[PDB]
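A.B. asks: Got a structure here, written out as structure tokens. Questions coming.
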Ligand SMILES: NC(=O)c1ccc(NC2CCCC2)nc1
Ligand SMILES: NC(=O)c1ccc(NC2CCCC2)nc1
């Protein structure tokens, strides 16, 4: 049986729980679920309604367009998820008003053995539920979506990569280097000879230099956040001189 | 029949095309697909393999861990999608090395009637395919995922909101205001009386003031990017004075 010491449980509150098949049935995350490294358990506010038409939205006070999620079914779904999780589960709401997710934030979230993710729909949820039920608000980026399910799945995928057993250049805060595979020549473009050389140290340094160059050209602000090693300073200076020559 | 003037077509290249049911079968985006406002068409590199085991990965030159997507099946899938799209389709690769997506970038991407989204798996794709097949590289945020499918779906959801007919505070670059619905009192927390007043102008100003205050407290850098109106300057100064009193 598969070693699952640091397994993670994620409860999800969603009006569309079948969306989560996209991560629980496919690829690396699908394998993680099958092997009990990751468990994703969903509760649907619709199931906590009592009226004949299973109403899950409600009108905002102060008017204006759009609906909000109805409080009672959503609150009851959240409470049921909390009771299942037991002690220690952090409840997260996904929205553009939340803390912006980045890889550092992913590594922080990955320290939790249990998370509950609340997925908003319509124009969102009652502010007082954020006050009374939510521990942390997070955003996956500065854009607006129709639902919090894709943000929740994005978060789950990102943190799952840190669960031991789930995997077979962002680690040092740099963009990735270019990668090449067969064929050796593709529409006249050749693989850099260093990658064919079998010189492991030259390859390492080429890849690091490329990561530094790419970060400098595309995302220079990311370099400001780093304390570069002597080697990294040298390779970046080399890259900048070559770019400039 | 449903007015579909500015309909959008999105071609997707993915080893897991069934993931896209999460947006094509549910909610607002699901309705958009059913009503022909949005079309999502998928091609799977696996279908373009010729060997007995339908191999879709390949070893990176220069070694190191991980595999890349195999060039020939992926390239052939991309070419097939391009031929289906005909003239004018922008081909996008999703990766952390791409231009960071924000709502302005969403509105730019939404001007395209046709997009093709290439979803990487494994450690990614050959750099020369980016050179020869990809028009633009985009990132949904500074974090690493197991696949480009969730980024692609995130992009599709975000741009779909701009298609006329798909919908029933980021517009001015501010965070959203708090929203309230029934009941009037929730765990001792009351709805702000202004929202019950029926005074449309006071409600508008309260909501705007809240958006300004929330943006200032949580995301002050976002204010630097705005040219505030006289009213917005006044309401922000009011909010800051109250916070400080
Ligand atoms: N950028 C984000 O992380 C994000 C989260 C939720 C969302 N929409 C939800 C929240 C309110 C109702 C739909 N859009 C965007
Ligand atoms: N932040 C992003 O937009 C993003 C895109 C693709 C991805 N992973 C893919 C790309 C390389 C192979 C898997 N991770 C993250």
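Residue numbers (our numbering), protein chains in the order written: chain A, 1 to 245; chain B, 246 to 490.
All C-beta atoms in this analysis are idealised placements derived from N, C-alpha and C, irrespective of residue type, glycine included.
1. Alpha carbons only, please: which of B:326, B:350, B:428 and B:424 is nearest the one belonging to residue 364 (chain B)?
2. If you draw a straight line from the C-alpha of residue 313 (chain B) to the C-alpha of residue 191 (chain A), how long is it?
3. Could you give the DSSP three-state label for residue 91 (chain A): helix, strand or coil?
4. Shortest alpha-carbon distance to residue 148 (chain A) belongs to which of A:157, A:202, A:195 and A:122?
5. Are the CB atoms of residue 268 (chain A) and residue 2 (chain A) nearer to each other than 8 Å?
6. In three-state DSSP terms, what is residue 299 (chain B)?
7. Cβ-heavy atom distance between residue 336 (chain B) and ligand 2 below 7 Å?
8. How is the beta strand (DSSP E) around residue 253 (chain B) delimited, first residue to last?
9. Would residue 337 (chain B) count as contacting chain A if we go by Cβ distances under 8 Å?
10. Can you look up residue 414 (chain B) in the DSSP assignment and give me helix, strand or coil?
11. Against residue 179 (chain A), what residues of chain B qualify as contacts under a CB-to-CB distance less than 7 Å, listed in chain order?
12. Is there at least one Cβ from chain B nearer than 8 Å to residue 134 (chain A)'s Cβ?
13. Do the region 135-154 of chain A and the region 391-407 of chain B touch if we need at least three Cβ pairs shorter than 8 Å?
14. Within 8 Å of any Cβ in chain B, is that where the Cβ of residue 40 (chain A) sits?
15. Taking CB distances under 8 Å as the criterion, tell me whether residue 385 (chain B) reaches chain A.
16. May I ask you to report which of helix, strand or coil DSSP gives residue 294 (chain B)?
17. Could you pull the start and end residues of the alpha helix (DSSP H) that residue 278 (chain B) belongs to?
18. In the DSSP assignment, what residue or residues form a beta bridge with residue 119 (chain A)?
19. Using 7 Å as the cut-off, classify the Cβ of residue 385 (chain B) as near or not near the heavy atoms of ligand 2, replying yes or no.
20. Nearer than 7 Å: is that true of the beta carbon of residue 94 (chain A) relative to any heavy atom of ligand 1?
21. Decide if residue 179 (chain A) is buried, meaning its Cβ has at least 16 other Cβ atoms within 10 Å, or exposed.
22. For residue 366 (chain B), is the beta carbon positioned less than 7 Å from some heavy atom of ligand 2?
23. Classify residue 318 (chain B) as helix, strand or coil using the three-state DSSP reduction.
24. Check the DSSP bridge columns for residue 464 (chain B) and list the partner residues they point to.
25. Count the other C-beta atoms from every protein chain shown that fall within 10 angstroms of the C-beta of residue 465 (chain B), then say buried if there are 16 or more, exposed otherwise.
26. Taking the alpha carbon of residue 317 (chain B) as the reference point, which residue from B:291, B:334 and B:308 has its own alpha carbon closest?
27. So the beta strand (DSSP E) residue 285 (chain B) belongs to, where does it begin and stop?
28. Excluding the 5 residues preceding and the 5 following residue 4 (chain A) in the sequence, name in chain order all residues of the same chain whose CB lies nearer than 6 Å to its CB.
29. Note down, in chain order, every chain B residue with its Cβ under 7 Å from the Cβ of residue 86 (chain A).
30. Should residue 215 (chain A) go down as buried or exposed, given a rule of 16 or more other Cβ atoms within 10 Å for buried?
31. I'd like to confirm something about residue 377 (chain B): is its beta-carbon nearer than 7 Å to some heavy atom of ligand 1, or not?
32. Is residue 146 (chain A) close to ligand 1? I mean its beta-carbon at under 7 Å from any heavy atom of the ligand.
33. Looking at C-beta atoms only, is the number of pairs between the region 101-109 of chain A and the region 128-141 of chain A that lie closer than 8 Å three or more?
C.D. replies: From the atom records:
1. Comparing Cα-Cα distances from residue 364 (chain B) to each of B:326, B:350, B:428 and B:424, the minimum goes to B:326.
2. 14 Å
3. strand
4. Of the candidates A:157, A:202, A:195 and A:122, the one whose C-alpha sits nearest the C-alpha of residue 148 (chain A) is A:122.
5. Residue numbering for chain A in the displayed model covers 1 to 245; residue 268 (chain A) lies beyond these limits and cannot be assessed.
6. Of the three classes helix, strand and coil, the one that applies to residue 299 (chain B) here is coil, per DSSP.
7. no
8. 253-258
9. no
10. coil
11. 305, 313, 368, 369, 371 and 372
12. no
13. yes
14. no
15. yes
16. coil
17. 272-279
18. DSSP lists no partner for residue 119 (chain A).
19. Within the cutoff, so yes.
20. yes
21. buried
22. yes
23. helix
24. Its beta-bridge partners do not exist; DSSP assigns none.
25. exposed
26. B:291
27. 283-288
28. 36 and 37
29. Within chain B, no residue comes near residue 86 (chain A); the closest Cβ sits about 22 Å away, beyond 7 Å.
30. buried
31. no
32. Because some heavy atom of ligand 1 lies under 7 Å away, the Cβ of residue 146 (chain A) counts as near it: yes.
33. yes
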